[PDB]
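Scroll down for the structure; my scribbles are underneath it.
Sequential numbering from 1 along the given sequence is applied to the chain's residues. Whatever order the structure lists them in is the order used to number ligands and atoms, beginning at 1.
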Amino acid sequence: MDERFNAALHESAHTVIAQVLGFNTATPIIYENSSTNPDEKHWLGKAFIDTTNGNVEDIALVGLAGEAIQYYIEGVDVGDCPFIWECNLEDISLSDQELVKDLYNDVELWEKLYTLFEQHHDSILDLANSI
Ligand SMILES: O=C([O-])C(O)C(=O)[O-]
Ligand SMILES: [Cl-]
Ligand SMILES: [Cl-]
């Protein structure tokens with residue numbers, strides 16, 4: 001459940017940031033991985049977010065949000081998030097990388113994301129507690 005709640009926070013951060021930026025969403029889901037491969041996560045998640053229309057930087061904020069909520073909770077400095085993201089790329093999903101591309105280097109987006117977390121972490125927790 002310790003790892004399950006982190007899978008929950010991840011999808012909830014994606015979802016709430018998307019909502020704050022005006023993107024349509026449906027409630028995300030959390031489910032157990034049946035794989036016996038030690039290199040895979042045991043708890044998986046899926047988000048349902050319309051990123052078809054949106055601007056590149058807003059989509060990147062949604063893409064960053066999943067891993068970012070942990071950086072925020074753990075106290076990583078905004079200016080250090082680009083390095084931290086790059087170091088963890090092998091463990092960041094390809095779909096998040098597709099939404100972000102190289103905008104993880106943008107310290108102003110990280111500053112913005114942290115500000116949104118500051119203002120909406122309660123909504124993030126409420127959603128995570130419900131999935
Ligand atoms: O692949 C993912 O990161 C996730 O399942 C999603 O696309 O919502
Ligand atoms: Cl909202
Ligand atoms: Cl919505």
Smallest separation among heavy atoms of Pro82 and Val107, with atom names: CG-CG2, 4.3 Å
Taking all non-hydrogen atoms of both residues into account, name the closest pair between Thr51 and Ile59 and its distance.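 Closest approach of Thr51 to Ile59: O-CD1, 3.3 Å.
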For atom 2 (C) of ligand 1, what is the closest protein heavy atom, and at what distance to 0.1 Å?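 Result: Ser95 OG, 3.1 Å.
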N or O contact, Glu11 vs ligand 1, cut-off under 3.5 Å: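 By distance alone, the answer is no.
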Inspect the surroundings of CD in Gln97 and state if more than 12 heavy atoms from other residues, nucleotides or ligands are less than 6.0 Å away.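 For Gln97, atom CD is crowded (more than 12 foreign heavy atoms under 6.0 Å).
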Need the ligand 1 atom indices (1-based, order shown) with element for anything under 4.0 Å from a heavy-atom of [X].
{"X": "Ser93", "value": "3 (O)"}
{"X": "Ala47", "value": "8 (O)"}
{"X": "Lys46", "value": "5 (O), 6 (C), 7 (O), 8 (O)"}

Is the closest heavy-atom distance from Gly45 to ligand 1 below 4.0 Å?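 Flag set, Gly45 near ligand 1.
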Side chain to side chain contact (heavy atoms under 4.5 Å, CB included) with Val62: which of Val20, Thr15, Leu21, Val100?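 Only match with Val62 under side chain to side chain contact (heavy atoms under 4.5 Å, CB included): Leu21.
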Under the 3.5 angstrom rule, does the side chain of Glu11 hit a backbone N or O of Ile30 as a donor-acceptor pair?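 Between the backbone of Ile30 and the side chain of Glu11 there is no qualifying donor-acceptor contact (under 3.5 Å).
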